[PDB]
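For reference, the structure is listed below as structure tokens.
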Amino acid sequence: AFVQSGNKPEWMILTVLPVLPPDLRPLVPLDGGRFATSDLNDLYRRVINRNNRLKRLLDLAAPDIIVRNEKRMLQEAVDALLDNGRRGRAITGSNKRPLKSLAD
DNA sequence: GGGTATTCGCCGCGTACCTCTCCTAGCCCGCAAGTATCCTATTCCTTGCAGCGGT
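In the deposited numbering, each residue carries its 1-based index in the first sequence increased by 225.
Here it is, written out as structure tokens:
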């Protein structure tokens with residue numbers, strides 16, 4: 226199947242992650258001076274926080290344990306973004322309800 | 001190895017509509033307000049030095 230098609234095997238390992246446009250995930254105001262949940266942006270901010278953390282720690286040459294832990298956390302963040310729940314434990318913001326990953 | 005049994009984990013479970021409510025938690029730093037305190041006067045008394053009539 227691989228050789229028949231034009232897909233290299235290693236493309237199953239993500240190196241660059243696309244982001245959904247903004248308007249398809251609009252930030253609806255609640256008119257109480259605040260904003261609603263809009264959890265997709267929450268997952269995106271989470272993964273970006275992990276990414277920047279790892280970027281800094283890689284720049285500053287920390288001991289391998291720290292970078293390994295942070296890369297594990299980043300892997301979990303991407304897992305949450307692409308499909309939340311298929312891993313051992315889902316993540317929630319409140320109400321003990323899982324958020325809506327793209328696959329959901 | 002190999003045919004078999006047993007277990008684990010994922011997938012699925014009706015349509016359309018109406019009413020209501022509620023939507024992150026915790027720290028922190030500027031900041032308004034309210035206050036107790038400190039310096040500011042007046043009246044009495046007893047000193048210490050510079051002018052000053054007087055001779």
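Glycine residues also receive a C-beta, built at the ideal position from the N, C-alpha and C atoms.
Grouping DSSP H, G and I as helix and E and B as strand, with all else coil, what is residue i?
{"i": "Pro246", "result": "coil"}
Only counting the same chain, and skipping five residues up and downstream in sequence, which positions put a Cβ closer than 7 Å to that of residue i?
{"i": "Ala302", "result": "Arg271, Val272, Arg275"}
{"i": "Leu307", "result": "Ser326, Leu327, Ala328"}
Starting from residue i, follow its DSSP beta bridges and name the residues at the other end.
{"i": "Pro323", "result": "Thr317"}
Is it the case that the Cβ atoms of residue i and residue j are separated by a distance below 8 Å?
{"i": "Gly318", "j": "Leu324", "result": "yes"}
{"i": "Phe260", "j": "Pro254", "result": "yes"}
{"i": "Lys296", "j": "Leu279", "result": "yes"}
{"i": "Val292", "j": "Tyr269", "result": "no"}
{"i": "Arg314", "j": "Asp304", "result": "no"}
Going residue by residue through the segment 238-319, where are the continuous alpha helix (DSSP H) segments of at least 4 residues, counting only ones entirely within it?
Secondary structure remark: continuous alpha helix (DSSP H) runs of at least 4 residues inside the segment 238-319, in chain order: 264-284, 289-307.
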